[PDB]
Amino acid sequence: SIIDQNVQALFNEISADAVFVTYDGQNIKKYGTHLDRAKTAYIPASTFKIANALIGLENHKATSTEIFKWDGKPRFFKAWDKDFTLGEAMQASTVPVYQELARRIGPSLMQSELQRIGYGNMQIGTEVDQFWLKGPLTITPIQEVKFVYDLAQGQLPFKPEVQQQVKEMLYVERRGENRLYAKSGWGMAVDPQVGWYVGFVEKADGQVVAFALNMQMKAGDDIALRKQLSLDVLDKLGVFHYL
């Protein structure tokens, strides 16, 4: 309709190849400049933290209260040179913390868990703390959006309390009773570079609309555009109106 047109007109100023997928538990909808991106597999990059935390908590490798202490070695972002809980590292997207969690899980368990939940192509290669950053693990935007939709509903094959704890690690903001949850990603090690913004809007009436922005990134791109574009789309859709 006109909302589709308003949504499309947003992407018609973005030069990068982009797709935006929505899922309400019944219907996949696709918007953007390159719709075949929705069916194409990319590395999850930092959106893998969602499955990493779930796997770690489910298998008693971490708790949501435990402090991952900094080891004194200066990290890429200086905002990372500190101690973190998993939720704190999620919202700061502190890769070293989630690499430490992956090493605690181990390649054997990480592999069987990824096969057990059917996450992307379920490939980890031989480096348990790099597979979501450099490959070989890949996932399509439709897989991502169906993944976080099930998270929102607590219907993933994990303990209910584990799903709840990881879910609230993703909480961004609320407007009225509508809640936004989201995780961004920028995979820089692979060619082309892939940018993510995945999440879901939950309304008070139990209803969930999950979403996945997926677009090509290049060095020098605006770090805030992924979230900005996504919030604009959700506003034109009337899923998450601006205040």
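Heads up: residue numbers just count along the shown sequence, starting at 1.
Remark: stretch with higher mean C-alpha B factor among 209 to 217 and 173 to 181 is 173 to 181.
The stretch 72 to 80 shows the higher mean C-alpha B-factor when 116 to 124 is compared against 72 to 80 in the entry. If you compare the C-alpha temperature factors of 204, 43, 50, 201 in the entry, 204 comes out highest. The entry lists a Cα temperature factor for residue 59 that places it in the lowest third of the chain's modelled residues.
Per the deposited record, the Cα B-factor of residue 10 falls in the highest third when ranked against the other modelled residues of its chain.
Among the modelled residues of its chain, residue 223 has a C-alpha B-factor that falls in the highest third according to the deposited record. Among the modelled residues of its chain, residue 16 has a C-alpha B-factor that falls in the highest third according to the deposited record.
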